[PDB]
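Next up: a single chain in structure tokens, the form deposited in one PDB entry.
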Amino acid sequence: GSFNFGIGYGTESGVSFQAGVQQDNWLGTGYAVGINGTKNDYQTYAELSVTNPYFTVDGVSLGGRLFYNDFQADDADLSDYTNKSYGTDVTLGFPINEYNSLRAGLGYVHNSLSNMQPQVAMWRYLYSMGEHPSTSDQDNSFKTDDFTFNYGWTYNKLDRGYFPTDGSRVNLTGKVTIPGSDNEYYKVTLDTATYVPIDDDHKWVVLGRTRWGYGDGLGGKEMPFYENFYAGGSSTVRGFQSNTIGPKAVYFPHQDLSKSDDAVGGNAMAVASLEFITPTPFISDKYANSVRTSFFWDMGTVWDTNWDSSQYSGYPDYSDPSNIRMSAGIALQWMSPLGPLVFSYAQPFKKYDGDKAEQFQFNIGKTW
């Protein structure tokens, strides 16, 4: 077994902490047991892990999870709400070959929403569920119990985990609600990274990233807004404040409407990045294996497919997917004594109404 403690920092996350403990073999059962928790400016998460890598003789794994999660949306630069949740996951893992693995699982989650600041898109989802709270009060509550079928696919042919120079990584994760759940929806996420070395020593690499998200309701319901996709920040569209890209809250009057610059995410998302990895100027060859310079072009959009631009014609059409943000800049990664580090400086050359800018972004990791 082992335990660990992490400390880190990010521009969007603030000072972050992590700790965990794992019993390598829980009293002869062969199921590894673990307890992990992490915390940053807007999220507190904890779990109990219970996994066995050889549930069957030929590799199939059996995984259990029991989790608690506290999410402060205002501190993740969204319109304000509080989501406290807990649940369990049972996941089977099937390695198809050397570069592919599949996973299927059944999950239960309880979400307890509170402290929701009235806005059109959020309330629209509440209306689809049959919930009609006051539009002038921030002292509300919404609770749901959901059962989900979760599938996943990971392709990994990366030459190296730290600082890849060749190969691709693809991760597709989906879920759908099982009838009987309070929510009725599906949700799909696709992430890709492709490294192409353009020189023999693999110091000059071209990197293409894509990230896609789509989900909608079933049966006249919508997707819960706390399941929304976002874009902007250090890992999606650099130079943009975290989560700023996409629809903005259209606030209900307190006790007619008000446009805002508070992003609310959305149920469709698309991000793409083109990055040129180079050797690092002004650093010795002794410290090459531990640093990575790159120059990038980032873009992304987020939209709300159920935005009703008829009822709200005086506002921007938030269902519009074509308002594509763009940025360009230089990044620096360093495997520092304080852990994996990442500087980035980016100029958002293409931005839209209410998009907030974060030119300098900085991250020290706490997991590696």
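Residue numbers run from 1 along the displayed sequence. If you superpose the two forms and keep the largest set of C-alpha atoms that fall within 1.5 Å, you have the rigid core.
The same protein has a further form, the form deposited in another entry, not shown here; the description that follows concerns it.
**Student:** Core aligned, which of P321, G30, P316, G37 has the Cα that shifts 2 angstroms or more between the shown form and the other one?
**Tutor:** Result of the superposition: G30 is the only one at 2 Å or more.
**Student:** Please say whether, between the shown form and the other one, the C-alpha of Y162 moves by 2 Å or more once the core is aligned.
**Tutor:** Where the cores coincide, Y162 shows only a C-alpha shift between the shown form and the other one that is less than 2 Å.
**Student:** Against the rigid core, is the Cα displacement of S141 between the shown form and the other one at least 2 Å?
**Tutor:** It does not, since the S141 C-alpha is displaced less than 2 Å between the shown form and the other one after the core fit.
**Student:** How about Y287 - superposed on the rigid core, does its CA move between the shown form and the other one by 2 Å or more?
**Tutor:** Yes: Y287 shifts by at least 2 Å between the shown form and the other one.
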